[PDB]
Amino acid sequence: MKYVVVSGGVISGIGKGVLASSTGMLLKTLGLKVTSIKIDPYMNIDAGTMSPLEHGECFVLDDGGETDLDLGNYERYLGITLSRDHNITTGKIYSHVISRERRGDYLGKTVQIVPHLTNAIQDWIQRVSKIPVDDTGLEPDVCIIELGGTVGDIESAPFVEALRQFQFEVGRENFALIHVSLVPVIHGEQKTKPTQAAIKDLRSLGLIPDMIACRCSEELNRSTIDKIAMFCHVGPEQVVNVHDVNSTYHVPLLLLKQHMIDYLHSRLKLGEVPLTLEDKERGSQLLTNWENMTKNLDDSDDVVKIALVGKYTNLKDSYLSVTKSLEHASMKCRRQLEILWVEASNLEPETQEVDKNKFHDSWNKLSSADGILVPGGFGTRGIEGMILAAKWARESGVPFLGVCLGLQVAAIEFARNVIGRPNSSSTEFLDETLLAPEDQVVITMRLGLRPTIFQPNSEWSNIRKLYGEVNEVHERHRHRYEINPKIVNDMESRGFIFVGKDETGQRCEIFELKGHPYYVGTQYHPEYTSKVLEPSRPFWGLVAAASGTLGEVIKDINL
Amino acid sequence: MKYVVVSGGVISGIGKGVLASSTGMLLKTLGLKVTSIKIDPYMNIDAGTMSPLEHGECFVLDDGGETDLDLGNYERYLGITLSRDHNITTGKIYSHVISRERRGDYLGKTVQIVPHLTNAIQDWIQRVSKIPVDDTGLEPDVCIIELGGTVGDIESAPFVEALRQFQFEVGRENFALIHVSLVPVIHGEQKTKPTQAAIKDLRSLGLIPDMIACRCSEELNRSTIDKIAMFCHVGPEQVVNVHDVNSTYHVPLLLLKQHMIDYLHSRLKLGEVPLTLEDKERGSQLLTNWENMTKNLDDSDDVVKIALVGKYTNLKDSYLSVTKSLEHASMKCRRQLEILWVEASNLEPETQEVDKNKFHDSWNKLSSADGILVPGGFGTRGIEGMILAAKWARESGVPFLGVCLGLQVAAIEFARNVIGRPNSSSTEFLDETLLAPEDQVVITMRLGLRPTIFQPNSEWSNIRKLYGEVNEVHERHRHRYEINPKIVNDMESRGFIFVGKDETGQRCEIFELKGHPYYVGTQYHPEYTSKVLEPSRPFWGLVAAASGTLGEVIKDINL
Amino acid sequence: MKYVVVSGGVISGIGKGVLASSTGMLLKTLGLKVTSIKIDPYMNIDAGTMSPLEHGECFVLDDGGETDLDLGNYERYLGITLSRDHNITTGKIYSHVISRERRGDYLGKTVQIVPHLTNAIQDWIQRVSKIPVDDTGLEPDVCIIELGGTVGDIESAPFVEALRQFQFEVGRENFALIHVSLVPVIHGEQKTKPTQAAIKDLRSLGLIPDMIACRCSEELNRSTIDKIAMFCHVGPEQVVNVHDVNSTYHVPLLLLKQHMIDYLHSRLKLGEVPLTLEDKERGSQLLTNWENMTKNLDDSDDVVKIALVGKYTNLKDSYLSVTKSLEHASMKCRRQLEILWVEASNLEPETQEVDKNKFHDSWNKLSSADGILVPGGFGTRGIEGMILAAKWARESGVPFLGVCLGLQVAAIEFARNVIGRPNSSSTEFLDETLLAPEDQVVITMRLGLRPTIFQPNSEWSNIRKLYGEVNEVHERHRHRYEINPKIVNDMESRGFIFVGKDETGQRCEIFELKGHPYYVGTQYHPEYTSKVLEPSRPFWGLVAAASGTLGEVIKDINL
Ligand SMILES: Nc1ccn([C@@H]2O[C@H](COP(=O)(O)OP(=O)(O)OP(=O)(O)O)[C@@H](O)[C@H]2O)c(=O)n1
Ligand SMILES: Nc1ccn([C@@H]2O[C@H](COP(=O)(O)OP(=O)(O)OP(=O)(O)O)[C@@H](O)[C@H]2O)c(=O)n1
Ligand SMILES: Nc1ccn([C@@H]2O[C@H](COP(=O)(O)OP(=O)(O)OP(=O)(O)O)[C@@H](O)[C@H]2O)c(=O)n1
Ligand SMILES: Nc1ccn([C@@H]2O[C@H](COP(=O)(O)OP(=O)(O)OP(=O)(O)O)[C@@H](O)[C@H]2O)c(=O)n1
Ligand SMILES: Nc1ccn([C@@H]2O[C@H](COP(=O)(O)OP(=O)(O)OP(=O)(O)O)[C@@H](O)[C@H]2O)c(=O)n1
Ligand SMILES: Nc1ccn([C@@H]2O[C@H](COP(=O)(O)OP(=O)(O)OP(=O)(O)O)[C@@H](O)[C@H]2O)c(=O)n1
Ligand SMILES: [Mg+2]
Ligand SMILES: [Mg+2]
Ligand SMILES: [Mg+2]
Ligand SMILES: [Mg+2]
Ligand SMILES: [Mg+2]
Ligand SMILES: [Mg+2]
């Protein structure tokens, strides 16, 4: 086993999550079975309690574990599947050892937070890094630990102590620390004193740093690096600069130009880890897929405009997984992406009574879009705008994907505007009216990776061509409310055909509309399973249809 | 009793199985009641657990014993019937003696693998070689043992020790060893050092060789033989060469030109075995049937093209028994065979959306074929191509045989395309839909040689003419799923007549379609029962219909 | 993790088990949490099927796992508790992977013994060496693997391959090989060619040796070591000599004079393993307990004679754990031990009709003994001699311990000779007579470590003083037959008081007779739990009573 801990910061907004998700990617190019752990200093047990307004979207794992965003960034960069244990939190570990006290397992000793709770952290990291994460049950070679918060805090405090002991309870040369740090620029001069005042605290809290990964606004001066290597004890080759480049998928290749694999190969003796040619050649091939997709980003010019239609579009992190899946689908089509933020409530005609500028800008963005996405919203208060965009996408022939709530407004749209029931309703919203035309029903939660089976006649469905025509699809779910299955025999007659269903047959999970270029609902969330080299099939479908050449993508899949 | 053990190899891919199946054939020309034993060093109990992708097809014996391919090669060369005991394996003998330990039969001694387990091998070979195998219950005169793996391994190790003791526990002059060996050619020179480095190991592991059966790319030089006879202790007449010739049915006659009967008659004193004229004259007559059928192969020119339509056609060993039965049927018709590999999924119209070249090449091969075979596939994922080939074979009048799954897609085709139920389905595939037009039902396994009785009106059926009009047929089965017997009264009315059924009447086992030149389903497997001088009657039917002169074959049978 | 494999031999009787049990002891003096694994090439699943005549006694583990003797030698040298998984066997691993085939877990591949079964060995050793074995659930630092059989065999063959891969699947510098070897002496010359013909085979089978641990009859000549270091590649300091010394408890200190800790500290980098002072100071203290107890053996002169009374005394290995527990008890009392082998059937008066010399020698040895032991025999055919020795031990006041069957003949003796029922009987023997005075009953097996609770009044019992007066005792059991609990209220009245019972109260497990210097039955086996620095309390009681100063031992315990 080996560990690399990514850590530090003068400030908590500094962006450690790319250097974690990008260090682990570079180590996966050596062919190593890499894994990752997030530490979050917040008290939440797991993210399911905190709304998407409050620091971004509610992620989903194979377990159903509603979790921190930063798990998702490692899953999509590293190709790995994570579990709800990979998110260490102050909530979890304190709830764990305090529940263990009432169980009695410390034999009625004191449960001081030094010794015993820092021992539970060091045990948890050693459990979790041995859980398998790739397509086979082989245990990881290297674990990337992202230490949330900063080193020099009061929510960080048990973790930085636990990791001082863990620098020895796992031997040095099986552990390395990467310290992210701030180097401000003021009046044209690079200021390395915030960094030198977090190297003092790092040595004090007891870890010793290996890298000094500065988030400067610039290239670091040769004299700036020379002084950081005088005040921190690292050699000047190790003072990596992580400055902005044309997209975040380039960041691994900047770190590779900055020798970071050659340093980590030495500093963790990675030549002593046992690897097969099936490991190593997969490693060097994955490097060439990353060099190819970044070269394709560097000279892709032909734009594709996708309208993302929903509430809270000013909080873009409320959709981080939706955005990132369109970026993967974009780079695979070799069309450059623009996403058009349509704040759905502005499409509703009553907006014309409040501000006409909002009513025109939103319908302008929607009309300009080469493809349309209803992105699995939350709450109900924007729903009429999401219905109008689904009417537009059906009648104007524009490519369409409905995710989760998106499948459900598509059924509501089709009921109101093709089946001809204008009172038909989201039972998710208009409940205590008790009306008969209910497009949905509550069936109290359903979460995690679940099996979707294709219905028998489905051969013609573009969505089934995009899934490689395989009879079952494994994808991640969230929904309380599902389509009322007593309308399905009507929709099945009117050309709205339910391509895919749950294994009991009673629950509807995919539809495709007959006789449209690409119009799909998926009631699972296709966002979360997308990887940077394997875009999620419904999202690859959307960005292909909007680019043209949907047929040529269907060959690239099925060959 | 006498034994000939066929053994050895520098490399395991060297092809011992022909020299075994061809040594035993030469001894059967002396009229001896020959038998054979396969040793397989793998840990499988029996082949039923390992899929046809993984080292070829899943064979079937009279017992229902799902077994190694190499049993089949002896059955068809030697005319013998084998039993699941004739396949010795590392799985079987270790499962046997370790189960015998918990039963207690070693009286609470240690069960060392020397002495006791090598004694169980020497007991098993002495049990098995006394089991009868011909058309009468007479015990074998000579047993051919094929030692799988190589002599000089760790999976071979108990067998080569057991056979060192067995060289004495059965006397010398009742035992002989044939060592197959590699003589590479490099820069134009024959290299006999791989062979001399397996004669060293053979003497070391303790058996002494009799023959040195080289698999060179060439005729062995007279100086190459002279040096192999200097480093091995065999005389130069005994260094047989087993080089390639125009078909594997010639290999016995090469070994007969190379004195191998005259040597084995001496080296095992085969003149001292008691034989009747009914043995000896059957022996010398069978030799003339082999000289005749090889002479017929040497100047047969008129081709017959048979389309073999199924999944995994790149894995030709997944169909080894199907191929070999067509070769017997070919040589009996005196038409030279070409088999057209139709990878069935390419016939499905959706292939035109993926690669048109595959769609044309597959329909081109199918259209070019003089006869068509649906070869008892496995899984379900190619089934629509196998249905289209059955539609083609019915409407275009081309000769057709459906084996196992082949009978079942023929019923599905006939239901969809003549009875007019386009939703009718393989219950083997489309199960949890619970539809009413089920062409099949599960009835949990059914294996081995079973009795098929012809239904009363059957006199006109070409398949019943090919079985000599005899009222019952004994053939080998495998099927979980069988035709739904509640459709049969419809098919019986529409000219799809079930010529043969199980003894209870409730299960359907053969059909022939009225008013077509030759269109047959058999739900048993006709492949496995074919012998090199007695081709399986449905396969003799197919290759005759495709050659023309199906009527002239029906005289050759019934006279 | 670290491994040391102890291996090799020109001959299998060479005595590797001391060098294993003594290498692991030396590593435990560094304070490392050492564990050990036995490999036995025999086909037995576990030793319960093989009688104590056939290669020695039937051991017992905490699990109830009836196991190879050699587990016991590590338990008593290393202080560790083992589990039935620590005994790898050819029986177990082949029964495991062949049972795994019928379960299907190789996905229907071939299960060749190369790749897949050698992978199961390498998995089993990596599972087993992480099971905890000390008084706390901390996983081992170093594992000693004793490779049974020899390197250069056919029962060894999968293990030596598995260990060639395991030299890399665990990195070099986490693995070391110790090769035990034979150096015969003939006509006064040391012959190192058997050794040089097992170094050739070792390199061939692919492991590389580190030590060359010769079992010569002598000190190795400086020229003999120099030539072994010329033909093996080890340096001459590493050619350890393991010659005979005054008792086997000295062997670790010979290996310590021969630098073997200083070599293993270097060759496995044991300075890089994390240790506490509670580890290290326990390590260096345990070394001084071993230096003290070996110094006490070097000048202890005052003999104590213990009669071991039972069947099969010519097969001393049928009692190896009984003998070894008396040696621990001896060295703790500082009296030198003689054990008097009383073949129990010779004490029976009918022997006087067959050979008077046997009748006198056996009663002479019994009369000469300072203490008496009935050692948990097997079968029944010597029982009357074991009853007469129990009569003698009760009436002549001599110190007595009955183990298992020993407690039971003590109840039978007391019934016949104090309660006055001369027909009272072992129901273990005289069953189908159906008599009313049954001293025993069948209650179908009971095995492993079980809880014994002391009965309330027990304060005066010397056995309860020897157990430190603690209310519950944890010790290892074997018995089908137990004392008939309907006699206990009589024995409890006559001064035969059942000091200890099972937690249900219904089963009787210890007795002590009132008003005798030391007379104890234990129905568990106290032998197996004795350690070289912690002799089993009933056996420490016996050898103390026989030495005199039983009171002074009771202070050494309770202080
Ligand atoms: N490979 C990555 C990593 C991060 N981000 C972006 O980074 C964001 C949040 O910043 P991040 O780098 O994850 O760190 P912070 O949120 O600043 O938090 P912290 O520094 O506490 O780790 C999101 O907007 C996400 O789009 C990204 O696009 N690609
Ligand atoms: N740890 C330090 C670093 C610097 N100085 C002194 O503080 C003066 C002003 O600090 P500065 O020159 O700004 O040093 P930097 O570390 O570069 O500060 P910044 O990065 O913000 O420019 C220096 O000339 C030096 O004499 C100090 O006392 N202690
Ligand atoms: N009389 C024979 C014997 C073998 N084969 C061909 O030989 C094959 C496999 O090789 P074989 O000679 O059976 O031996 P190997 O598979 O090489 O295995 P081994 O050498 O371990 O016995 C099959 O493709 C089969 O068509 C054949 O056509 N006719
Ligand atoms: N068992 C043997 C055989 C040959 N030689 C020597 O090795 C030399 C080279 O071997 P080579 O001449 O190639 O002998 P072959 O056995 O024919 O090797 P190959 O079949 O590969 O040509 C010979 O001249 C001979 O002196 C040897 O030492 N031991
Ligand atoms: N620390 C030890 C180790 C072994 N023995 C003695 O050694 C015996 C058996 O020999 P052992 O050294 O265990 O090995 P072998 O039986 O010769 O078997 P192998 O060489 O196959 O391991 C028993 O009589 C036992 O008394 C001992 O007294 N003390
Ligand atoms: N591997 C070896 C070792 C020795 N010799 C030769 O064989 C002769 C006789 O062997 P010996 O002198 O007995 O060597 P040892 O290895 O000591 O044999 P032993 O230990 O039995 O005395 C030696 O003089 C030497 O020339 C050899 O050919 N090959
Ligand atoms: Mg803040
Ligand atoms: Mg972050
Ligand atoms: Mg191979
Ligand atoms: Mg073969
Ligand atoms: Mg022996
Ligand atoms: Mg031993």
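Rules of the game
Residues numbered from 1 in each chain as written, not as in the entry; some residues may be left out. Chains lettered and ligands numbered in written order. Part of a larger assembly, values for the part shown. Heavy atoms only, no water. Near = heavy atom within 4 Å. Polar contact = N/O pair within 3.5 Å; in protein donor to acceptor, adjacent residues only side chain to side chain. Helix = DSSP H or I, 4+ residues; strand = E, 2+ residues; numbered from the N terminus. Nonpolar A, V, L, I, M, F, W, Y, C, P; charged D, E, K, R; others polar. Domains from an automatic or database assignment. Contact = heavy atoms within 4.5 Å. Buried area = accessible area lost by both parts, 1.4 Å probe. Salt bridge = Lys/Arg side-chain N within 4 Å of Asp/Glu carboxyl O. Least-squares fit on C-alpha atoms. Pairing = 2+ DSSP bridges. Axes fitted to C-alpha atoms, helices over the stretch in contact; angles between N-to-C directions. Buried < 20%, exposed > 50% of the residue type's maximum accessible area, 1.4 Å probe, protein only. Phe/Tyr/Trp six-rings, centres within 6.5 Å; stacked < 30°, edge-to-face > 60°. Core = buried A, V, L, I, M, F, W, Y, C linked by side-chain atoms within 4.5 Å. Patch = residues over 30% accessible without salt bridge, like charges linked within 9 Å, V, L, I, M, F, W, Y side chains within 5 Å. Areas by Shrake-Rupley, 256 points an atom, 1.4 Å probe, with all protein chains shown as cover. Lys, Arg positive; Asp, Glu negative; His and termini not counted. Charge placed at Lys NZ, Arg CZ, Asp CG, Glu CD. Right-handed = clockwise from strand over helix to strand, strands pointing away.

### Here's the deal with the site of ligand 2
All names here are of chain A. Near ligand 2 the following residues occur: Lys 191, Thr 192, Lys 193, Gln 196, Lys 227 and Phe 231. Separating an oxygen atom of ligand 2 from a backbone N or O atom of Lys 193 is a distance of 3.0 Å. Only α6 (193-205) and α7 (222-231) provide two or more residues apiece to the shell around ligand 2. Among the residues making up the shell around ligand 2, the classes are represented as one nonpolar, two polar and three charged.

### Section: the site of ligand 5
Residue and element names in this part refer to chain C. Near ligand 5 you find 14 residues, and of these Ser 12, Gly 13, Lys 16, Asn 73 and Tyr 77 are the closest. Within the side chain of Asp 317, one N or O atom sits 3.5 Å away from an oxygen atom of ligand 5. Those elements that place two or more of their residues in the shell around ligand 5 are α1 (16-28), α2 (69-78) and α11 (320-333). Of the residues belonging to the shell around ligand 5, the class tally is four nonpolar, five polar and five charged. For the shell around ligand 5, the domains that each give at least three residues are domain 1 (2-290) and domain 2 (295-558).

### Considering the domain arrangement of chain A
All names here are of chain A. Looking at chain A, the domain boundaries give domain 1 (2-290) and domain 2 (295-558). Placing the centre of domain 1 and that of domain 2 at their C-alpha centroids yields a distance of 35 Å. Listed by partner, the interface residues are 28 residues for domain 1 and 26 residues for domain 2. Across the domain 1/domain 2 interface, buried area totals approximately 2300 Å², and carbon plus sulfur atoms make up 59% of it. Among the residues of domain 1 in contact with domain 2, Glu 57, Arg 76 and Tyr 249 are the three that bury the most area, contributing 31% of the side total. Remark: the boundary between domain 1 and domain 2 carries three salt bridges. Across the pair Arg 476 and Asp 62 runs a salt bridge, and its minimum N-O distance is 2.7 Å. One can count 14 residue pairs in polar contact joining domain 1 with domain 2. Those elements that place two or more of their residues in the side of domain 1 that touches domain 2 are α2 (69-78) and α10 (277-299). No other element matches the five residues that α2 contributes to the side of domain 1 that touches domain 2. Among the residues forming the side of domain 1 that touches domain 2, the class breakdown is 12 nonpolar, 10 polar and six charged.

### Examining the relation of the copies chain B and chain C
After a rotation of 180 degrees and a shift along the axis of 0.1 Å, chain B superposes on chain C with an RMSD of 0.0 Å. Between the two chains, the operation in question is that of a two-fold axis. Residue by residue, 100% of the interface of chain B is reproduced at the interface of chain C, so both copies engage with the same surface.

### What to know about the sheet that holds strand β15 (residues 472-478) of chain A
Residue and element names in this part refer to chain A. An order of β10-β9-β11-β12-β19-β18-β17-β14-β15 is seen for the nine strands of this open sheet, with the pairing classed as mixed. Taken across any chain shown, the strands that pair with only one partner, and hence form the sheet edges, are β10 (336-343) and β15. Put simply, the sheet's adjacent strands are angled 25 degrees from each other on average, direction ignored. Sitting on the sheet, helix α17 (residues 537-547) touches β9 (303-310), β11 (371-375), β12 (400-403) and β19 (519-522), and the angle it makes with β9 is about 125 degrees.

### Things to note about unusual backbone geometry
All names here are of chain A. Phi is positive for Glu 469, close to 60 degrees, though the residue is something other than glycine. Here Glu 469 is to be found in the loop between α15 (462-466) and β15. Overall, the relative accessible area of 25% leaves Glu 469 in the partly exposed class. Of note in the backbone geometry, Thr 549 takes a positive phi value of approximately 65 degrees without being a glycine. Position of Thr 549 among the secondary structure elements: in the loop between α17 and α18 (550-558). The class for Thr 549 is partly exposed, based on a relative accessible area of 48%.

### What about the interface of chain B and chain C?
Taken together, the contacts link 33 residues of chain B with 33 residues of chain C. Interface of chain B and chain C: buried area, both sides summed, is about 2800 Å²; carbon and sulfur atoms make up 62% of it. For chain B, the biggest contributors to the area lost against chain C are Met43(B), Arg102(B) and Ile154(B); these three give 24% of the whole. The interface formed by chain B and chain C holds two salt bridges in total. Among the ionic pairs, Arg102(B) bridges to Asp46(C), the shortest N-O distance being 2.9 Å. Across the chain B-chain C interface, the total number found is 14 residue pairs in polar contact. Elements that contribute at least two residues to the side of chain B that touches chain C include exactly α3 (90-103), α4 (113-128) and α5 (157-169) of chain B. Per-element tally for the side of chain B that touches chain C: the top contributor is α3(B), with eight residues. The residue inventory of the side of chain B that touches chain C, partitioned by class, reads 16 nonpolar, 10 polar and seven charged.

### Quick notes on the interface of chain B and chain A
Counting from both sides, the interface comprises eight residues of chain B and, opposite them, 10 residues of chain A. A buried area of about 830 Å², summed over both sides, lies between chain B and chain A, and 57% of it is on carbon and sulfur atoms. Of all residues in chain B, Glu350(B), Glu353(B) and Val354(B) bury the most surface against chain A, accounting for 51% of the area lost on that side. Two residues, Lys465(A) and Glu350(B), come together in a salt bridge whose shortest N-O distance is 2.8 Å. Taken together, chain B and chain A are joined by three residue pairs in polar contact. Across the side of chain B that touches chain A, the residue classes tally to two nonpolar, one polar and five charged.

### Quick word on the packing of aromatic side chains
All names here are of chain A. A complete count under the given rule lists 43 aromatic pairs over all chains for this structure. Note on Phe 414 and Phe 496: the rings are 4.7 Å apart at their centroids and 45 degrees apart in plane angle, and the pair reads as tilted. For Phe 414, a relative accessible area of 1% translates into the label buried. Relative accessible area serves as the criterion here: at 0%, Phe 496 is assigned to the buried category.

### Considerations on the environment of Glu343(C)
Residues and elements named next belong to chain C. With respect to the helices and strands, the residue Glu 343 is situated in strand β10 (residues 336-343). C-alpha of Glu 343 to C-alpha of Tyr 312: the two residues are 31 residues apart in sequence and 6.8 Å apart in space. Excluding its chain neighbours within four sequence positions, the residues that come into contact with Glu 343 are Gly 310 and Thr 313.

### Let's talk about the nonpolar core
Soluble, globular proteins show a tendency: their nonpolar side chains are buried together. One finds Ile125(B) and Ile125(C) to be the most contacted residues of the largest nonpolar core, which totals 69 residues. Those residues in contact with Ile125(B) that sit more than four places away from it in its chain are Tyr3(B), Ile37(B), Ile88(B), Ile145(B), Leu163(B) and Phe166(B).

### What to know about the pattern of salt bridges
Residue and element names in this part refer to chain C. Inspection of every chain in the model, using the stated rule, returns 94 salt bridges over all chains. Here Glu 338 makes a salt bridge to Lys 305, at a shortest N to O gap of 2.8 Å. Within this pair, whereas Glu 338 is found in strand β10, its partner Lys 305 is found in strand β9 (residues 303-310), the two being separated by 33 residues in sequence. Classification of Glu 338 as partly exposed rests on a relative accessible area of 34%. Close ionic contact of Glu 413 with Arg 394 constitutes a salt bridge, the shortest N to O distance being 2.7 Å. Taken together, the positions of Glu 413 in helix α14 (residues 405-419) and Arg 394 in helix α13 (residues 383-395) put the pair 19 residues apart, joining distant regions of the chain.

### Observations concerning a negative patch on the surface
Negative charge collects at one region of the surface, where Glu472(A), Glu503(A), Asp431(B) and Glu432(B) lie side by side. The residue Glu472(A) is located in strand β15 in this model. Judged by its relative accessible area of 39%, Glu472(A) is partly exposed.

### Section: the pairing of β10(A)
All names here are of chain A. Bridging between β9 and β10 involves eight bridges; their strand directions are parallel. The partner of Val 304 across the bridge, within β10, is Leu 337. On the question of chirality, the crossover connecting β9 to the parallel β10 by way of helix α11 (residues 320-333) is right-handed.

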